[PDB]
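# fold the following, please.
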Amino acid sequence: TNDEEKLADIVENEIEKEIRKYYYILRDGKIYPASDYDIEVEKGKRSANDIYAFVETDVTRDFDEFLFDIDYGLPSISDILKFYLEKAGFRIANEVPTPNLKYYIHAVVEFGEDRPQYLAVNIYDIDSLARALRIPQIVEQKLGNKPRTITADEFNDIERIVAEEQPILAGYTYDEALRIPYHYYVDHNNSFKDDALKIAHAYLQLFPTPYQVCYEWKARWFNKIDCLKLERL
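Numbering: from 1, shown residues only. There you are, the coordinates:
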């Protein structure tokens, strides 16, 4: 929890810095835009082994979408699978592995006009997330326990099972589980209530609850705020 609080302030300080004018957080706490860092790795300047946390920032202007991204803003299946496989020792084709990645961070910023209103930082433990998605079992069944370089075809075959085949939430495949609550919460379509609540109930029980830190934009800076106060708005 102390590491997670430190990580949320690192993200908040960076979003704030970016406002007034994708990321990796290294094991030393330094934050860099991921695109640039990937080029520095490709040059041999920086090491992919130093990446501790991956940050995905989403920006919104609709409050319902903001709350929905906070509550359902899980990392991409491709990302969790890639992060799991690499953390387990497997290598995906010619791609540079990130074996020491512990956290996936989803930061959501809500805007007023051209100026911001809120920031919500969600910190997920990658291992916990991979387990809830049944990724270890599926990888073991398909590839075995001994790590090696896998083909893009093998990665895709695993990805398909995890996201589009297995009923993971209230009998729905993962992709269906993403769509239905969007239709209810963001599209404000009431006929989707029953199914969204069923998915919500399963998701809140089965999926790991993230370390959540919230902030309000007040006079050119972010100020800490209670997340439970936020959900009421």
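# so what does the residue most central in space within the chain have for phi and psi?
In the chain, the C-alpha closest to the average C-alpha coordinate belongs to residue 75, at a distance of 3.1 Å (CA atoms, centre = their mean). Residue 75 adopts backbone torsions of phi -60, psi 160, taken as degrees, to the nearest 10.
# and what of the one 4 residues further on?
When quoted as degrees, to the nearest 10, the phi and psi of residue 79 stand at phi -60, psi -50.
# returning to what we had before: so how far is residue 44 from the residue nearest to the residue nearest to the centre of the chain when sequence neighbours are not counted?
Closest residue to residue 75 apart from its sequence neighbours, by CB to CB, 6 or more residues apart in numbering: residue 104 at 4.5 Å. Every residue, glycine included, has its C-beta placed from N, CA and C. Per CB to CB, to the nearest Å, residue 104 is found 26 Å from residue 44.
# neighbour-wise, which of these two wins?
Between residue 104 and residue 44, counted using other CB atoms under 10 Å, residue 104 has the larger neighbour count: 22 against 7.
# ok, now which ones touch the closest residue to residue 49 other than its chain neighbours?
Excluding the flanking residues, the one nearest residue 49 by CB to CB, 6+ apart is residue 100, at 5.7 Å. Residue 100 makes contact with 27, 49, 50, 51, 52, 87, according to CB atoms under 8 Å, 6 or more residues apart in numbering.
# those in helices, which ones?
Judged by DSSP state H, those include residue 87 as members of helices.
# most neighbours of all the contacts of residue 100, which one?
Most neighbours among the contacts of residue 100, by other CB under 10 Å: residue 51, with 24 neighbours.
# how far does whichever strand or helix holds residue 184 sit from its chain's centre?
Per DSSP states H and E: residue 184 is located in helix 174-185. In terms of CA atoms, centre = their mean, to the nearest Å, the centre of helix 174-185 is found 17 Å from the chain centre.
# in it, what's buried?
The neighbour-count check on helix 174-185 (16 or more other CB atoms under 10 Å) flags 174, 176, 177, 178, 180, 181, 182, 183, 184, 185 as buried.
# let's have those residues in JSON lines, adding distance to residue 15.
Formatted as JSON lines, the buried residues of helix 174-185 follow (distance: CB to CB, whole Å):
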{"residue": "174", "distance to residue 15": "28"}
{"residue": "176", "distance to residue 15": "32"}
{"residue": "177", "distance to residue 15": "28"}
{"residue": "178", "distance to residue 15": "25"}
{"residue": "180", "distance to residue 15": "30"}
{"residue": "181", "distance to residue 15": "25"}
{"residue": "182", "distance to residue 15": "24"}
{"residue": "183", "distance to residue 15": "29"}
{"residue": "184", "distance to residue 15": "29"}
{"residue": "185", "distance to residue 15": "24"}
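# which residues in the chain form strands?
Counting by DSSP state E, the chain has strands at residues 23-26, 31-33, 51-60, 91-92, 103-111, 116-125, 149-150, 211-217, 222-225.
# now for the longest helix seen in the chain, which elements pack on it?
The longest helix of the chain (DSSP H) is helix 2-19. In terms of contacts (3 or more CB pairs under 8 Å, 6 or more residues apart in numbering; DSSP states H and E), helix 2-19 is packed against strand 23-26, strand 31-33, strand 51-60, strand 103-111, strand 116-125, strand 211-217, strand 222-225.
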